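Geometric and topological summary
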Amino acid sequence: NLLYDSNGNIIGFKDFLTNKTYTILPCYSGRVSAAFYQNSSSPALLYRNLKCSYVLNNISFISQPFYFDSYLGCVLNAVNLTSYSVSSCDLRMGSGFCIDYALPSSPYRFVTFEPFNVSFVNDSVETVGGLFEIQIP
Amino acid sequence: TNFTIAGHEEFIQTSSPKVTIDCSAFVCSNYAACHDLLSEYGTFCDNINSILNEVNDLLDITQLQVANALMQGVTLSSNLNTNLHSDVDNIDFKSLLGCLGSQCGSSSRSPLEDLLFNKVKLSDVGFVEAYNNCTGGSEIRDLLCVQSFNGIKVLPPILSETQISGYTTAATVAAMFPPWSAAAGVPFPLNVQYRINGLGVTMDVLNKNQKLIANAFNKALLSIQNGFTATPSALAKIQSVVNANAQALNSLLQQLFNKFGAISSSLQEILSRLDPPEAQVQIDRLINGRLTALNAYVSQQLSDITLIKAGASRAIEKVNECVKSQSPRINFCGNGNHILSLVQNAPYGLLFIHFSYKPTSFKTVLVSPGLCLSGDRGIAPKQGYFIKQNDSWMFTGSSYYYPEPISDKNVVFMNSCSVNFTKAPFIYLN
Amino acid sequence: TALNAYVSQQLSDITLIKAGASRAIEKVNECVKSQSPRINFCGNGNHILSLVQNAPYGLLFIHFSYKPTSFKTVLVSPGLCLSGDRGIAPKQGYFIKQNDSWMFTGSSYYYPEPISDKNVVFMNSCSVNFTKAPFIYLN
Amino acid sequence: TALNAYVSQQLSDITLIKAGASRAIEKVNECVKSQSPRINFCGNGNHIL
Amino acid sequence: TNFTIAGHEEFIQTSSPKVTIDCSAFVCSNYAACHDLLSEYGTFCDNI
Ligand SMILES: *[C@@H]1O[C@H](CO)[C@@H](O)[C@H](O)[C@H]1NC(C)=O
Ligand SMILES: *[C@@H]1O[C@H](CO)[C@@H](O)[C@H](O)[C@H]1NC(C)=O
Ligand SMILES: *[C@@H]1O[C@H](CO)[C@@H](O)[C@H](O)[C@H]1NC(C)=O
Ligand SMILES: *[C@@H]1O[C@H](CO)[C@@H](O)[C@H](O)[C@H]1NC(C)=O
Ligand SMILES: *[C@@H]1O[C@H](CO)[C@@H](O)[C@H](O)[C@H]1NC(C)=O
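Sequence positions in this view are assigned from 1 along each chain in the order the sequence is written. Entry numbering can differ, and residues without coordinates are absent from the display. Working convention: letters from A go to chains and numbers from 1 go to ligands, in the order in which they are written. For these chains, which sit within a larger assembly, all listed values pertain solely to the part presented. Remark: hydrogens and water are excluded; side-chain values derive from all non-hydrogen atoms of the structure. Residues with missing side-chain atoms are left out of burial classes, side-chain pairs and their counts.

Further remarks concern the overall build of chain C. In DSSP terms, a helix is any run of H or I states spanning at least four residues, a strand is any run of E spanning at least two, and both are numbered starting from the N terminus. What chain C contains, in helices and strands, is one helix and nine strands. Ordered by position from the N terminus, the helices and strands of chain C form the series α-β-β-β-β-β-β-β-β-β. Within these notes, the globule rule equals 2.2 Å times the number of residues to the 0.38 power, and the radius of gyration is based on C-alpha atoms. Over its C-alpha trace chain C gives a radius of gyration of 25 Å, far above what one expects of a compact globule, namely 14 Å for 139 residues. For chain C, the C-alpha atoms occupy an extent of roughly 85 × 30 × 25 Å along the three principal directions. Only heavy atoms enter the contact rule, under which two residues are in contact if any of them lie within 4.5 Å. Considering only contacts within chain C whose residues lie at least 6 apart along the sequence, 34% involve residues at least 24 apart.

Right, here's the structure in full:
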């Protein structure tokens, strides 16, 4: 009447009154990671690996006007501005993503982290007349 | 007499999965009576989360130091366009270049790096896609569902794979086009001849066998790329990291099913068959047992990051002393004869490609360590030997047999006639 | 139990200090008291000198570097082949053409100077990727 | 509890032994089997072999 | 003006003695009743 795995956890059963089979799955119990500025009023929430339309409908009932899907999860109280890049952040959220809170819509943002870059030069990589063009101090 | 060019791989681990564990939901997930007995150990759980935070901070600092060394003082042209030429000196470096610039998608890894991430499931992107398929769908049989719901989750690093893969590409194109910020001039076709000459090979042969050297690099890279369809030492070390981390997380998860002397392992059964006064003695045995297993994991994880941080320091040195600038050190980058070294991105570390000078043929000759001339003078060779051909003294290199006349540009002068030097009052140089 | 957890953290904390202190000893013996041919070790590329000072719980290092201010583009050549199938390549510099004549310049400062034996290397082959210049014999 | 204190202590001393062994390997390849141009590494400045 | 050659010696530790500990030889020597109370702890000795 019961189904178990190698570790010893029940993952199913069978009811003897209706002759039906089911599957037991662990219920959600997670944790929220929030970033807060120095003298702000409300931190920016981030539910990791939780798509939107599920937090604001099943686990959260607080009216949140700003929400969008990201690569890490459903972000609350933020604006989608991933096109902007900044080489300095104190709020690092994941794989190359930052918040970059701006001094006063949602004051917090969501930008890309690019700490290191290269120095470009306006030269030609193809030789001309058998010579090369470089810069000498 | 004859020579070829060889190549080999090398993997150095510079990263580790970041694990975050909370002792609140591990022992007292949802039971209220559990928290009343854990409040006495309030400082005990606060330190567990504090140590796990400073461990992940060390992996973040070491990750930025590797990325900084890859692009430390690199200059590239604004008209590079590494998608049309992809070649230099008839050498195929297409398998070592991805996409440079913002005119591409989210994937910019080189073809050689694709053979390494297609064999490792639990990569940086693997943990993100795995945790996404638990809160919705069907067939929830993955073991990461239970670990995440009990308080064991892996966080992604600061820099993504695409960003790190884009830093190794800039270091490769650096020593291919002007201004050659990875070799301080001395273009790639000439940079190889300068270092081979340092081993004791004359430049008269290198300038005549430029096609043999060019075809040797293409054959070496082809054997390395084809060598991944096997069980090499590189893939064995990469898979050992993701397998050792899985065993540590599964062993800690089984600690919730032990009794430690109590009547059972589930807190709901204890709080449903015993009175409150005699129930604290059973819960205390579970709290004192689960907290001990946490210290065993924290102490083991701290003793593991020290070896990874120590190994990461060696990888930074090889970028600065073997890739971006060849050092005069011997037996450091490779094995004896060393020419160049290239770096590529690898899961939880970096991959190095070392090129070496490997002779094929040999011949026996009679050499002399130095001869004394007429006039109480003496000479000594410089990275070579003195041979006798047709009743005349010549000069040859220590790594290639090619007789050359004795001159002042390859012979060290001396003002003393030693006793164990061969006499030859026929050779005149001044 | 609390004392066993504290002494376990000391063994792991000092282990990281031993690794950091080993680099400080190597830096003193190779950056301030001696100049070693190791690029990107004592500083960020162009390293000249290094000084050490006493600091609370460690040491303080003072690194001096070489930072250019202005730049100038110029057509350079990796080497040229002379008459008689002989070759010549520069060392720590490039070849420039000024007033229909070949000269020598440094790789870190623009200062044309005539070609001499102490500024180039001598070869015995004429590669196909160089430029021909028979007008110069010993200039 | 006594076994955990012994095992945790071995995980800390193994790093010091492995770190010191890495310096020995670097010394054989740069002071014994080869003459490196590094100063104040193999000796006291006047090192010969 | 004059010189000589001096010799020094140093020691660098490389290896360490290997130590092995048994499961049912340090806590419960040969007693069967002692092993019953140890089996409830799970794989505590196997991790050691
Ligand atoms: C379930 O199946 C068994 C065997 O087919 C049968 O004896 C029993 O009556 C069934 N239960 C119900 C509620 O029909
Ligand atoms: C966020 O913006 C980027 C670029 O502007 C876009 O590609 C992405 O689809 C946006 N995400 C959402 C959830 O709208
Ligand atoms: C060296 O080997 C290559 C490849 O077999 C051959 O073409 C060449 O003639 C050889 N040279 C000598 C000097 O043996
Ligand atoms: C050298 O010259 C040959 C002959 O055209 C050419 O194919 C090759 O690309 C040149 N190499 C370089 C580095 O310019
Ligand atoms: C140096 O000292 C040795 C040992 O006393 C002696 O034999 C030798 O003559 C000395 N040389 C000079 C130049 O003083």
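After that view, the rundown keeps rolling.
Scanning chain D from terminus to terminus reveals one helix and zero strands. Reported as C-alpha extents along the three principal axes, the dimensions of chain D are approximately 50 × 20 × 10 Å. A simple rule labels every residue: compare its accessible area, found with a 1.4 Å probe on the protein chains alone, to the largest value its type can have, and call it buried under 20%, exposed over 50%, or partly exposed in between. Burial status across chain D gives 29% buried among its 49 residues. Throughout, the Shrake-Rupley method with a 1.4 Å probe supplies accessible areas, and for residues the shown protein chains are the sole cover considered. Accessible surface, chain D as shown: approximately 3,100 Å² in total, 60% of it carbon and sulfur.

We now examine the interface of chain B and chain A. Contact residues are listed per partner, giving 38 residues for chain B and 33 residues for chain A. Looking at the side of chain B that touches chain A, the elements that each hand over two or more residues are helix 3 (42-70), strand 3 (75-77), helix 5 (124-132), helix 6 (144-150), strand 6 (152-155) and helix 7 (161-174) of chain B. With five residues, helix 5 of chain B is the largest single contributor of residues to the side of chain B that touches chain A. Under the scheme applied, nonpolar residues are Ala, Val, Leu, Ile, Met, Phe, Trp, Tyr, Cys and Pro; charged residues are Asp, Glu, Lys and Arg; polar residues are all the others, including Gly. Residue composition of the side of chain B that touches chain A, by class: 25 nonpolar, 10 polar and three charged.

Here the focus is the interface of chain B and chain E. Counting residues at the interface gives five residues for chain B and five residues for chain E. Accessible area that two parts lose when put together, evaluated with a 1.4 Å probe and summed over both, is termed the buried area. A combined buried area of about 530 Å² lies between chain B and chain E, and 45% of that area is made up of carbon and sulfur atoms. We define a polar contact as two N or O atoms separated by no more than 3.5 Å, with the added condition that, inside protein, one atom must be a possible hydrogen donor and the other a possible acceptor, whereas residues neighbouring each other in sequence contribute only through side-chain atom pairs. Across the contact surface, chain B and chain E share one residue pair in polar contact. Classifying every residue of the side of chain B that touches chain E gives one nonpolar, three polar and one charged.

The interface with the highest contact count, out of seven pairs of chains in contact, is the one between chains A and B. Of all C-alpha pairs spanning chain A and chain E, none lies closer than 12 Å, and the two are not in contact. One thing to see here is that chain C and chain E don't touch, and their nearest C-alpha atoms sit 14 Å from each other.

All names here are of chain C. In this structure, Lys 27 sits in helix 1 (residues 2-32). Here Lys 27 is buried and forms no salt bridge, its nearest opposite-charge partner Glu 26 lying at an N-O distance of 9.3 Å. Ignoring anything within four residues of it in the chain, the contact list for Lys 27 reads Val 32, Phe 61 and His 63. In this count, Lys and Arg are taken as positive residues and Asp and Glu as negative ones, while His and the chain termini are left out. Basic side-chain nitrogens of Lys or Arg form a salt bridge, by our definition, when they fall within 4 Å of a carboxyl oxygen of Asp or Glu.

Moving on, we come to the pairing of strand 1 (residues 47-55) of chain C. All names here are of chain C. Pairing of strand 1 with strand 2 (residues 58-65) involves eight bridges; the strand directions are antiparallel. When the sheet's bridge partners are listed, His 47 is paired in strand 2 with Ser 65. The pairing criterion for strands is at least two bridges between them, as found by DSSP. Counting the residues between successive antiparallel strands, the hairpin from strand 1 to strand 2 contains two residues, one of them, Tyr 57, with a positive phi of roughly 60°.

Further remarks concern the environment of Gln 301 of chain B. All names here are of chain B. Along the chain, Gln 301 turns up in helix 13 (residues 280-323). On the basis of relative accessibility, which here comes to 18%, the residue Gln 301 falls in the buried class. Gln 301 sits 249 residues away from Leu 52 along the chain, and the two C-alpha atoms are 8.8 Å apart. Discounting residues that sit within four places of it in the chain, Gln 301 has contacts with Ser 16 and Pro 17.

Right, let's talk about the packing of helix 1 of chain C against helix 1 (residues 2-32) of chain D for a bit. In contact at an axis separation of 10 Å, helix 1 of chain C and helix 1 of chain D are set at 10° when each is read in the N-to-C sense. In this view, helix 1 of chain C runs roughly parallel relative to helix 1 of chain D, as classed from their interaxial angle. Between helix 1 of chain C, through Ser 8, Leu 11, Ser 12, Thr 15 and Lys 18 of chain C, and helix 1 of chain D, the contact on the second element is made entirely by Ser 8, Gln 9, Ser 12, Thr 15 and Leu 16 of chain D. For the contact of helix 1 of chain C with helix 1 of chain D, the residue count by class is two nonpolar, seven polar and one charged. Orientation is described by axes fitted as lines to C-alpha atoms, over the contacting stretch for helices, and by angles from 0 to 180 degrees between their N-to-C directions. If an angle is under 35 degrees, it is roughly parallel; if it is over 145, roughly antiparallel; if it lies from 65 to 115, roughly perpendicular; otherwise it is oblique.

On to the site of ligand 2, then. Residue and element names in this part refer to chain A. Taken together, the residues surrounding ligand 2 are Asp 69, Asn 80, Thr 82 and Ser 83. Within the side chain of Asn 80, a nitrogen or oxygen atom sits 2.4 Å from an oxygen atom of ligand 2. In the complex, 34% of the free accessible area of ligand 2, which totals 360 Å², lies under the protein chains. A class-by-class count of the residues in the shell around ligand 2 yields no nonpolar, three polar and one charged. We call a residue near a molecule or strand as soon as one heavy atom of that residue lies within 4 Å of the molecule or strand.

A few words now on helix 1 of chain C. Given the number of residues in a helix, its expected span is that number minus one, multiplied by 1.5 Å. Relative to the 45 Å expected for 31 residues at 1.5 Å per residue, helix 1 of chain C spans 44 Å between its end C-alpha atoms, a close match to the ideal helical length. Taken together, the buried positions of helix 1 of chain C are occupied by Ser 8, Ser 12, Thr 15, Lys 27, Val 28, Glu 30 and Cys 31 of chain C.

Time to look at the pairing of strand 5 (residues 87-90) of chain C. All names here are of chain C. Residues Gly 87 and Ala 89 of strand 5 are buried on one face, and the alternating residues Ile 88 and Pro 90, pointing to the opposite face, are buried as well. Two elements, strand 4 (residues 80-81) and strand 5, share two bridges in a ladder whose sense is antiparallel. The residue of strand 5 that forms the bridge with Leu 80 is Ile 88. The antiparallel hairpin formed by strand 4 and strand 5 contains five residues in its connecting segment, where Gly 84 sits at a positive phi of about 80°. Direction of pairing for strand 5 relative to strand 8 (residues 120-122): antiparallel, over a ladder of three bridges. Bridge pairing links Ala 89 to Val 121 in strand 8.

Geometry only, nothing functional implied.
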